[PDB]
Amino acid sequence: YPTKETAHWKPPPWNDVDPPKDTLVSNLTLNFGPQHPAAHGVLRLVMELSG
Amino acid sequence: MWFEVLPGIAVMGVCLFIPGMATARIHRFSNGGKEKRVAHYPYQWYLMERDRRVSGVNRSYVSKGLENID
Amino acid sequence: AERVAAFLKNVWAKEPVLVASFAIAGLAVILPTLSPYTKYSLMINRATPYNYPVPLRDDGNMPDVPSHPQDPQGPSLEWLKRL
Amino acid sequence: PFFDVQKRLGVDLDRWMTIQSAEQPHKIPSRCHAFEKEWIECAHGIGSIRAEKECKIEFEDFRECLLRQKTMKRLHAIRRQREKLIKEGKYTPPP
Amino acid sequence: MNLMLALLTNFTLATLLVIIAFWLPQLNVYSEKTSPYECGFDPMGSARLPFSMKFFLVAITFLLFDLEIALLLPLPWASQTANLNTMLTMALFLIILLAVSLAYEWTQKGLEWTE
Amino acid sequence: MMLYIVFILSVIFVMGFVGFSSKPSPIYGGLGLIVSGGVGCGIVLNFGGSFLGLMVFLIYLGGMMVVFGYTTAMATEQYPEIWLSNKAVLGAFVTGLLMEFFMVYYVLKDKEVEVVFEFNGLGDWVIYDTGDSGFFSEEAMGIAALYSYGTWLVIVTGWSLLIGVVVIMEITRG
Amino acid sequence: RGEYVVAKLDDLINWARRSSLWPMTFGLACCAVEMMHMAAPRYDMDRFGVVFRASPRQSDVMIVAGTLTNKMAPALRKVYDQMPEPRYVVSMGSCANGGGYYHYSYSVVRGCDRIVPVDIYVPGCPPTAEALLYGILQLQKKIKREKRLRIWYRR
Amino acid sequence: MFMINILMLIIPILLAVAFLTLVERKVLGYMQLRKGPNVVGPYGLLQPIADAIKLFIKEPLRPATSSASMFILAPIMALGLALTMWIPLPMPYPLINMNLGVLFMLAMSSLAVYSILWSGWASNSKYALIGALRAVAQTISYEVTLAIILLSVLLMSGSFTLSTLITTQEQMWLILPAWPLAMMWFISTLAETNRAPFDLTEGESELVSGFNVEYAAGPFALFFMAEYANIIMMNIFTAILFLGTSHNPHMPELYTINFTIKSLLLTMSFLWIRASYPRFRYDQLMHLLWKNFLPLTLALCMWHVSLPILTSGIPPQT
Amino acid sequence: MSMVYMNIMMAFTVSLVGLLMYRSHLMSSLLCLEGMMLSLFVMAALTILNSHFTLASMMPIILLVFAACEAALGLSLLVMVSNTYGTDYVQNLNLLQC
Amino acid sequence: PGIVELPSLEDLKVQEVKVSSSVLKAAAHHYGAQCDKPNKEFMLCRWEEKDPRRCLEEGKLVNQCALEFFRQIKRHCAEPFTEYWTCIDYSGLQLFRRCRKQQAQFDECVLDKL
Amino acid sequence: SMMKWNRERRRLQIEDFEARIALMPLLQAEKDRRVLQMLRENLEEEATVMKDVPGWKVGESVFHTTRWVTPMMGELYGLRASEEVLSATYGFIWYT
Ligand SMILES: CCCCCCCCCCCCO[C@@H]1O[C@H](CO)[C@@H](O[C@H]2O[C@H](CO)[C@@H](O)[C@H](O)[C@H]2O)[C@H](O)[C@H]1O
Ligand SMILES: CCCCCCCCCCCCO[C@@H]1O[C@H](CO)[C@@H](O[C@H]2O[C@H](CO)[C@@H](O)[C@H](O)[C@H]2O)[C@H](O)[C@H]1O
Ligand code: SF4
């Protein structure tokens, strides 16, 4: 029984699988140096981290 | 020389000695020259509270001997 | 035999921690059965008097019960003093 | 139980903890042991419908031991009454 | 009361030292001094952004294993029971099952961190 | 006021609950649950259960540590909410504090109160047992019985923890 | 007498500050190697109470040990600004002192005193580890001369 | 008379901690073919005082992005809980005699972790966040093994009371029957106290300063003081556990001398170990505990449950 | 009843209302489940300790054991919800309206 | 619902044993041997009557036997007993194992004279 | 070594437990008199305090059964001073 509230409803996927999203699984960015014991003091190592 | 490290160790040792010595002496002083009573279990507390009443001065560590029987 | 002696040496070479772990856990399960002393453990636990021993009303027909703590009747801990 | 396999097989999976008058370690008794014994023995075997009426006396006592609600009303009334007299200078508690 | 006095004294002294530390020194506050540290260059993004956990599975397992120690801690008291046959069996049964779960998680690669 | 220690701790118990039930950032929600687990330890300890009180405090310290790590990974945002940052959070927080305050105020004033039900405000000491002189801890003997009387309990809990390990590995595998 | 008390209190705080100087773990080029040699066993700066610490929040001294480029200049200013006070700067070597042998370079800051205030200038290319140690001791004697509380008293 | 006793506990602890910093610097110095502090006072004896005064007249900083309340709370909690770990220690008499003194220490140690977690989080900085999450990982690594090791040892002691460990070891040190547990315990306390080769939450060469990178001046000192107070406390705990000292009730000071020497020597080994090894990678720390210590600790717990029963040597409950 | 019961039952009711009144973070609600156990643990412990019902002293321990199982299961699902959407918001879990 | 009967104060008046727990512990082993009869009679009455008010007379004989037992010690072994419980009183846990020598002096005295 | 010493510790524990059992009849006899006296004192001071109150009957049992019931802390230390109530209730739990 269609109504205004259910106008936007759509049938589910045939195999019950909804497409994976990409909501932003962004990495952490870190200035590793220059001022850093392990960066020899003049290395700005820009490093993308997951954990 | 390595023995120049000893003065710092000695000072650290004397500091770590004080808490153990202070607690022992304070317990003797506060308990009439004896070890502070240990009451881990209700029975030991019961005997303590009886000694507090039996003492006559409300002090569980003041103990009465045969001089208190008639 | 050759399958297991071969097997044990492999794990002894690669994972000695697990060989030690399984050997110790195996002993804990097995030795309590083969120990002559395991029976005393339970006798000592029963001989410990956590509760007052409430006396029985002597009805005249109780020879195995004692009248005084120092009578011969009743369990003795002589085995415990020796132990 | 819905399926009384315990009483069928003669096995005790959980009846040992159901009541407080059951056998306890080292024979340590619960505070309301006597009341629960008396209530349980009163109501044994006659069913709840009868027990609710016929064992009422034993259950209210057991309930009084458990929650002590009538004891606290008796003590609350006395403590309130005593202070109502303290201000009026009409009572001197003993040494 | 002894214990509460000891706890009150410990944290009071710690609070007093913080108060001295903040009110005794000469302060000189400006924007560049108090900016977040990241080796001399301005941070890229907020430090409140999600930080992936690669040991997430071990952390959940820690919960289940931490409750085991609560179940095993009473064992020194359980050894005083006369019914020593039952306790020893059940004591060993619990530990073996704890060992079995570790073996299962180990073999299934639950202890290895995700990539 | 020392005869009212258990009640004072129970007040803080509720304040902690209001702290995390208003649902700020889980970082602060975890803190409130730690405070509640601390005074809860003290409340149980004051009825003679030092082991039980210490255990629940220890167990919840481990649980909240894992929650913290999960929060930074899966329940964070740019501006985590303290209790004052959000009207809904603050409104829920204020409502709980006021409800608790009026319950405490009236039960103390009258030495009794009715908060839906009847509660006696004379202090918790009145209901305590008067005859303890055994040479052991009753809480310890009861807990120690898990391994002699509670065979069946040991089996079901032992099995459930093994299944828990198995199940969390099924759930979290893609 | 307030004069006597504040005089003594300056001695106390000055002695504490010069006796516990913690340089930032911060080095730029060649001259950082001689700084490493000053920490090494022969000179053992730590025996003076001079301890390297990486965090600017926990540092008292910035030793600018090497060439400061234009690309590195904002970063050096950032970590200097993030030092709590009191803070001191030691300029080490010709590059940091006034540009040195890259003075006329398009990418080099002609002296680190264009970016930060400098307390002590240590000459050399590089200064020997002992020359740097002399510079640190000269900074200690400068701190020993501070009259903060005497000046506060007479304000 | 109890408040005086409390002060005769806190004040020596802080002074012992301060001079532990000097001793560490000297011992590392000589193990590194140098001298360490020898100018500030004779033999560097005044170096700790200069550091303490210097730090408390240094400007403290509240980072612009930090959560102010937790930023201030965290260092207070660290030092407050560090001092609270000492109140049940029998030397030979405890300040507070506790039935479950062992459990009390497990609870307070677990609560002290949050001073790392909340200081690192409250800083609102990436190196502080990384350091804090290393504390989560490092706690997950060791606590389960650490409590089960205590349980194995207490199956010979018979109770969670710390003073009973003295009675248990009247004839012999517990290190003989339980040296396999003593090794795994000793390593656990290194990870418990965040000490090298497990100095990962601060992890200087990787995270600059880790969880306390944003702390300066007095607030920083509190974390330092707490960290070193736990070094001593956990080596005292180790001495009580495994190297029990005989107690003569009429001359308790003899106990405190021998007990102090053992705890000092254990504390020196922490410095000795720091001078000798590189650092674990924090995922390798987890696998050390969960794949080596835990399988063996579980096996030994079974063994120490069975052994008293099969040898008829169950300790008294009291 | 005693006045401690007033606060503990109040705590249980607070965490129940916190549970039923969701916001966004699924983690925030998982905390309210842990809180509800804590109140149940404390209230059960008080009743058992005060009545001196010795064998029941072990069931608060059992209570905690299954609280961890319940929490661990909740965290396992939160991980999987976060992987799918990148947050733990509960408003994302609305595919099954249709 | 019915008032609770209570004994009068004079009904409860007895000559109490005013010695400290260390004195009792020093004498406990001999005291159990010498006073087992009125003691066990009183214990049997308590576990049967389940009423402190129904055992007062049996309770008074426990005291009268205890006082007589302690008067015997004061007659013959007052000094050796004093060293013994004094040594017990020193210990925080009141341990027998710390006082075996003074226990022997006390034990050989009551054995020889009593 | 640990086996031999623990056995000795068990024998010592039994000797200490037996000493307690010897003294329990005396302690029990004393506990009964103290409880009954404290109740007697409370009853007498109830009489005056609740004298003119309308329908109050002094020392009324809240129980139908006439069986003896052990008093709870309120019934025994109902009117006494806090320091005595505090010692009786929390003294053991708070002792160190
Ligand atoms: C994943 C499932 C894992 C299930 C693993 C279960 C392992 C259980 C192995 C058996 C452990 C107990 O093993 C058993 O212990 C009891 C006492 O402890 C011993 O019992 C022995 O000593 C006791 C008292 O000390 C006596 O009452 C008894 O008559 C005597 O036989 C048994 O001789 C031994 O066989
Ligand atoms: C009852 C207490 C004592 C019982 C011990 C309980 C713990 C048992 C640990 C698990 C044993 C089997 O589970 C584990 O499976 C893996 C296979 O992926 C084995 O092998 C694997 O792991 C090891 C170590 O990570 C690697 O060196 C090896 O490359 C890999 O093949 C492990 O060596 C084995 O330990
Ligand atoms: S001053 Fe000389 S040694 Fe130092 S960095 Fe410049 S060129 Fe290199």
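Residues numbered from 1 in each chain as written, not as in the entry; some residues may be left out. Chains lettered and ligands numbered in written order. Part of a larger assembly, values for the part shown. Heavy atoms only, no water.

- Structure determination for this entry is recorded as cryo-EM, at 2.4 Å resolution.

**Here we look at the overall build of chain C**
Phase 1: Along the backbone of chain C there are four helices and zero strands.
Phase 2: A compact globule built from 83 residues would reach a C-alpha radius of gyration of about 12 Å, whereas chain C, at 25 Å, exceeds it by more than 25%.
Phase 3: Its C-alpha atoms put chain C at 75 × 25 × 25 Å along the principal axes.
Phase 4: The buried share of chain C, reckoned over its 83 residues, is 22%.
Phase 5: When the accessible surface of chain C is totalled, it reaches about 6,100 Å², and 61% of it is carbon and sulfur. (Helix = DSSP H or I, 4+ residues; strand = E, 2+ residues; numbered from the N terminus. Rg over C-alpha atoms; globule rule 2.2 N^0.38 Å. Buried < 20%, exposed > 50% of the residue type's maximum accessible area, 1.4 Å probe, protein only. Areas by Shrake-Rupley, 256 points an atom, 1.4 Å probe, with all protein chains shown as cover.)

**A closer look at the site of ligand 3**
Phase 1: Near ligand 3, the surroundings consist of G:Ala29, G:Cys30, G:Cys31, G:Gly66, G:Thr67, G:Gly93, G:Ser94, G:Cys95, G:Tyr102, G:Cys125 and G:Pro126.
Phase 2: Of the residues forming the shell around ligand 3, the biggest block, three residues, is contributed by helix α4 (residues 93-98) of chain G. (Near = heavy atom within 4 Å.)

**Topic: the UniProt feature "transmembrane region" in chain I**
All names here are of chain I.
Phase 1: Annotation from UniProt places "transmembrane region" at residues 1-21, 29-49 and 61-81.
Phase 2: In residues 1-21, helix accounts for 86% and strand for 0%; the two terminal C-alpha atoms are 29 Å from one another.
Phase 3: Across residues 61-81, the secondary structure splits into 100% helix and 0% strand, with the terminal C-alpha atoms separated by 30 Å. (UniProt positions renumbered as here; feature names shortened; annotations may be inferred.)

**Regarding the site of ligand 1**
Phase 1: Within the structure, ligand 1 sits among 15 residues, and C:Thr33, C:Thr38, C:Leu42, E:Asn85 and E:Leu88 are positioned closest to it.
Phase 2: Chains contributing residues near ligand 1 are chains C, E and H.
Phase 3: Here ligand 1 loses 65% of its free accessible area of 790 Å² to cover by the protein chains.
Phase 4: Going through the elements one at a time, α2 (16-34) and α3 (38-47) of chain C together with α5 (84-107) of chain E are the ones with two or more residues in the shell around ligand 1.
Phase 5: It is α5(E) that contributes the most residues to the shell around ligand 1, eight residues altogether.

**Quick notes on the interface of chain I and chain F**
Phase 1: On the chain F side, the residues contacting the 58 residues of chain I number 79 residues.
Phase 2: Summing both partners gives a buried area of about 5,700 Å² for chain I against chain F, and 78% of it is carried by carbon and sulfur.
Phase 3: Of all residues in chain I, the largest losses of buried area upon contact with chain F belong to I:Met3, I:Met6 and I:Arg23, amounting jointly to 14% of the total for that side.
Phase 4: Inspection of the region where chain I meets chain F yields one salt bridge.
Phase 5: Between I:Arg23 and F:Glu81 there is a salt bridge, with the nearest N and O atoms lying 2.9 Å from each other.
Phase 6: When contributions to the side of chain I that touches chain F are tallied by element, the ones reaching two or more residues are α1 (3-20), α2 (26-51) and α3 (59-85) of chain I.
Phase 7: In terms of residue count, the dominant contributor to the side of chain I that touches chain F is α2(I) (17 residues).
Phase 8: Residues that form the side of chain I that touches chain F fall into these classes: 39 nonpolar, 16 polar and three charged. (Contact = heavy atoms within 4.5 Å. Buried area = accessible area lost by both parts, 1.4 Å probe. Salt bridge = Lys/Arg side-chain N within 4 Å of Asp/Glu carboxyl O. Nonpolar A, V, L, I, M, F, W, Y, C, P; charged D, E, K, R; others polar.)

**Observations concerning the arrangement of the chains**
Phase 1: With 30 pairs of chains in contact, the largest contact count belongs to chains F and I.
Phase 2: Regarding chain D and chain E, which are not in contact, the minimum distance between any of their C-alpha atoms is 9 Å.
Phase 3: Kept free of each other, chain I and chain J leave a smallest C-alpha distance of 18 Å between them.

**Some words on the pattern of salt bridges**
Phase 1: For the coordinates displayed, the defined rule picks out 57 salt bridges over all chains.
Phase 2: Notably, a salt bridge pairs E:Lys33 with H:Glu59, separated by 3.2 Å at the nearest N-O pair. Of the two residues, E:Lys33 sits in helix α2 (residues 31-34) while H:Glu59 sits in the loop between α2 (47-56) and α3 (68-84), which places them in two different chains. For the pair formed by E:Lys33 and H:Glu59, the shared burial category is buried.
Phase 3: With its nearest N and O atoms 3.4 Å apart, the salt bridge here joins K:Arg33 to J:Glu16. Of this pair, K:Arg33 sits in helix α1 (residues 2-49) while J:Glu16 is found in the segment before α1 (21-34), placing the two residues in two different chains.
Phase 4: Given the relative accessible area of 5%, K:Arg33 is considered buried.
Phase 5: By relative accessible area, which is 30% here, J:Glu16 ends up partly exposed.

**Some details on the sheet that holds strand β2 (residues 88-92) of chain G**
Residue and element names in this part refer to chain G.
Phase 1: Strand order in the open sheet made by the three strands is β1-β2-β3, with parallel pairing throughout. Bordering the open sheet on either side are β1 (61-65) and β3 (120-122), each of which pairs with just one other strand. The average undirected angle you get between the axes of adjacent strands in this sheet is 15°.
Phase 2: Looking at chain direction, β2 and β3 are connected through three bridges and run parallel. Bridging across to β3, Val-90 finds its partner in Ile-120.
Phase 3: The strands touched by helix α2 (residues 31-39) within the sheet are β1 and β2, with β1 carrying the most contacts at an inclination of about 130°.
Phase 4: In the packing of helix α5 (residues 129-144) onto the sheet, the strands contacted are β1, β2 and β3, and the crossing angle to β3 comes to about 165°. (Pairing = 2+ DSSP bridges. Axes fitted to C-alpha atoms, helices over the stretch in contact; angles between N-to-C directions.)

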